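Residue strings, one per chain:
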Amino acid sequence: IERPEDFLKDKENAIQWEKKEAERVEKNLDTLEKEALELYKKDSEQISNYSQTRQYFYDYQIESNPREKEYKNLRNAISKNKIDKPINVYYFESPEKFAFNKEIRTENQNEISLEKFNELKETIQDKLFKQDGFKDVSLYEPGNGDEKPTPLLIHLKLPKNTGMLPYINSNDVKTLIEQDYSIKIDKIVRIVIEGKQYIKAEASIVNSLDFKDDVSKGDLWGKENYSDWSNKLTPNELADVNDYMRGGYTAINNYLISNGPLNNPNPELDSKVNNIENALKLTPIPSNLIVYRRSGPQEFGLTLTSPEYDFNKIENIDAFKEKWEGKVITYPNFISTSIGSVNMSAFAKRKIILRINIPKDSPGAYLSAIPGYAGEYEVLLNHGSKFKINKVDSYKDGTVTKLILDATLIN
Amino acid sequence: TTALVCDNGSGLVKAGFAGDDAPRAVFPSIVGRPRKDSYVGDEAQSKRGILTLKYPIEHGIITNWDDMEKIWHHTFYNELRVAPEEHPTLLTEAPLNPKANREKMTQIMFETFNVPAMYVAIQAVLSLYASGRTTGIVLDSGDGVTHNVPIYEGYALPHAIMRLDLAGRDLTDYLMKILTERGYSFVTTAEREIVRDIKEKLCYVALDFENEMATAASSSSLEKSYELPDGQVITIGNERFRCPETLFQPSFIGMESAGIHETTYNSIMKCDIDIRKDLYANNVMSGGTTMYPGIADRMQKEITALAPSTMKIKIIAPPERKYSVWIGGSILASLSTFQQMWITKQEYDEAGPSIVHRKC
Ligand SMILES: Nc1ncnc2c1ncn2[C@@H]1O[C@H](COP(=O)(O)OP(=O)(O)OP(=O)(O)O)[C@@H](O)[C@H]1O
Ligand SMILES: C/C1=C/C(=O)O[C@@H]2C[C@@H](CC[C@H](C)/C=C/C=C/CC1)O[C@@](O)([C@@H]1CSC(=O)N1)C2
Ligand SMILES: [Ca+2]
């Protein structure tokens, strides 16, 4: 009479409990939401693709996208029902999704070799991968006669209070979530179903504040946490940060990028970097936080003019992926970032978006707490930060293919 | 009884008397980085080193307060030959100038220069005002920064202001680079001044860039020639429109921001839909860098291409465009209904630097 946290293989009890839940939750949807759902079932693939990619445009392009009304209303439908205890869910991924850019086995082979398994473990095991968008999940491990489109099965623990919409699609019970978080894969085991080998990955949610296009909500949080930060500095620190902010950034960052501190030491500058840095530890980032930086090519050893930078050609994505996926880039300069994901005039044309996950307690500040600052909803991160590039995604902005880099700050 | 108007630009100071049609002094907004001690403005067109050229305003914002004081000092004593104590003073500021910053200005004006009264106006609002307007969108493009500033009923809409750190100074550097690419060598700071002149003298904005490239390649019709101080005369070809093409394609210069047509559009689009028609009809250009022949026509074409096809689009490029900020200040400082707007020594003594926010 209570559902377990994990229906495991018990398909019959899964359906039975979920059909009941579907009839209950369905009662609580308003008109907008039922409509959104009826819309989703007829167009799930296009609607999900939009929910992955929507924040990356200019606000005015967001506000007027015809797909946007359906996104907001489907979003609201999912979050009407919030689980009272954790539930495990099951779904197939393509291995591309975790930057394993090669088949695990073919669609015809039944065994997954000792090598591939092991290679797969090195690729996916030690990272937080960002998930985003509407996803269909199942409440039981599939068995005989359920679709099994990949060698990769995800077994994910959704925490208490995760939004989950169970619903009848004519004959079946289906389960809809909006992924709004990151995943860690704690283990991978092999498993057999209907004669073939599969990989089951045990995954858990790591949560992060991500305001995406909601720059206002993002600002509230920034000012709520950072408007007393200015008063926490020493006289010296205040002045050296005011200097950075008001225009000193180009000389400090230029000095760092050539590794002046070692190659040609400048003691005024060094002291300035020392103070800014110390200042960035006065209010450590109080919560796990996703930030967005739109990047120049120079940041990835490239120029506006490099033919490797035309991402309209798969080769170049594939080559950028080789160079960077799985790698870690170090930033010698102070890195300025925004809690907003939107496109902005100052960088309209930039083609690489570094989407960064900042662990709670990392050095950083919401510089934009200080009025008049030209940076937009800006968080500044410390010089010498390293970023693990777990995954490279791509999207169309007009005719221009740009890149999203799932990254993690590792100190 | 006669107000001073002083327009503080990234590269040029425009200064003079309210009620006049043109400023009386315009001079370089530079001082000195020493080894008698430091020469200020057009006088540092002398020892520019090893007592070297420093710029106290960068990208429209004051950042070196000490050299700023010296600029102001020079303005009053060396240039305008007046006593600051004797004249209410209107100063201009960049769009989105921080409060902190507006207050430092006030404090210094009152305490260091002992002005009887003062006011700070937004530079773009005054340009609009110079051409009889109170609603409109201004492209202000100077030496160190360019802005798109939508304004409704005398109010700038700070959330829709676009800022590009791309302007005349970068355009001269780029003319230097490309002229060097042709086999000349323009690299020193002295040479930087000659290319400024070449830029102001011979550059223009092609109505159709790719077409102008084709004309220049296949015939000779577009070449002009120029005499250097040493009497050498050089030829200049497609550099003539390539240079200010950077304003539309910042990528010419490695920059990845939107161009001035796109920031214009963006700016308009961040404004609420009932006022947009008003903005499209009332696109005002101002600043030395909007002086290129062809630019108004080119802007007309680009904005037409982005806007809905039922939109009335008017570009206003006054011939006085390069002093229109100053002029707007002259008109304001004489406007009679403007006189209650001044901040007196008395009100400053009472309310402090903060009074400078009145609501206009
Ligand atoms: N005819 C012209 N053609 C092109 N550029 C010009 C012309 N006349 C002046 N300029 C450029 O205008 C710039 C100065 O204009 P302006 O005084 O409007 O700028 P500013 O107020 O000093 O600086 P800013 O507005 O960036 O703070 C210089 O780069 C100058 O080369
Ligand atoms: C009539 C006039 C115009 C002018 O030069 O505007 C300004 C003034 C100038 C100050 C420094 C140099 C030495 C010039 C001193 C005297 C200049 C003559 C003043 O800095 C600019 O040259 C910069 C550099 S090159 C450019 O494109 N912007 C723009
Ligand atoms: Ca100016």
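Residues numbered from 1 in each chain as written, not as in the entry; some residues may be left out. Chains lettered and ligands numbered in written order. Heavy atoms only, no water.

Per the deposited record, the coordinates in this entry were obtained by X-ray crystallography to a resolution of 2.71 Å.

(A) Spatial organisation of the overall build of chain B. Within chain B, the regular secondary structure consists of 12 helices and 16 strands. Against the globule reference of 21 Å for 360 residues, chain B gives a C-alpha radius of gyration of 21 Å, in line with a compact fold. Taken over the C-alpha atoms alone, chain B extends approximately 70 × 60 × 35 Å along its principal axes. A total of 360 residues make up chain B; the buried ones form 54% of that total. Of the accessible surface of chain B, which amounts to about 15,800 Å², a share of 51% is contributed by carbon and sulfur atoms. Within chain B, one finds 37 positive and 46 negative side-chain charges whose respective centroids are separated by 1 Å. (Helix = DSSP H or I, 4+ residues; strand = E, 2+ residues; numbered from the N terminus. Rg over C-alpha atoms; globule rule 2.2 N^0.38 Å. Buried < 20%, exposed > 50% of the residue type's maximum accessible area, 1.4 Å probe, protein only. Areas by Shrake-Rupley, 256 points an atom, 1.4 Å probe, with all protein chains shown as cover. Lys, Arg positive; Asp, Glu negative; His and termini not counted. Charge placed at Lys NZ, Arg CZ, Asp CG, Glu CD.)

(B) Summary view of the site of ligand 2. Residues and elements named next belong to chain B. In the region of ligand 2, 13 residues are neighbours, and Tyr55, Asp143, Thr172, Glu193 and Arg196 sit closest. The side chain of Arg196 places a nitrogen or oxygen atom 2.8 Å from an oxygen atom of ligand 2. The contact in question runs from an oxygen atom of ligand 2 to an N or O atom on the side chain of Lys199, over 3.4 Å. Starting from 580 Å² of accessible surface for ligand 2 in isolation, the protein chains cover 81%. Contributions of two or more residues to the shell around ligand 2 are made by α4 (168–181) and α5 (189–202). Tallying contributions element by element places α5 first for the shell around ligand 2, with 4 residues. (Near = heavy atom within 4 Å. Polar contact = N/O pair within 3.5 Å; in protein donor to acceptor, adjacent residues only side chain to side chain.)

(C) Molecular detail of the packing of aromatic side chains. The final tally for this structure, using the stated rule, is 31 aromatic pairs over all chains. Each ring, one from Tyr40 of chain A and one from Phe134 of chain A, has its centre 6.5 Å from the other, and the planes form 75°; the classification is edge-to-face. Of this pair, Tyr40 of chain A sits in helix α2 (residues 31–53) while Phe134 of chain A sits in strand β2 (residues 128–137), and the two are 94 residues apart along the sequence. For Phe134 of chain A, a relative accessible area of 5% translates into the label buried. The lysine or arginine in question, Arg169 of chain B, covers the ring of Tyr55 of chain B, its NZ or CZ lying 4.0 Å from the ring centre. In this structure, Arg298 of chain B packs its charged tip against the face of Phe248 of chain B, placed 4.4 Å from the ring centre. (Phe/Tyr/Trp six-rings, centres within 6.5 Å; stacked < 30°, edge-to-face > 60°. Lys NZ or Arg CZ within 6 Å of the ring centre and 35° of its normal.)

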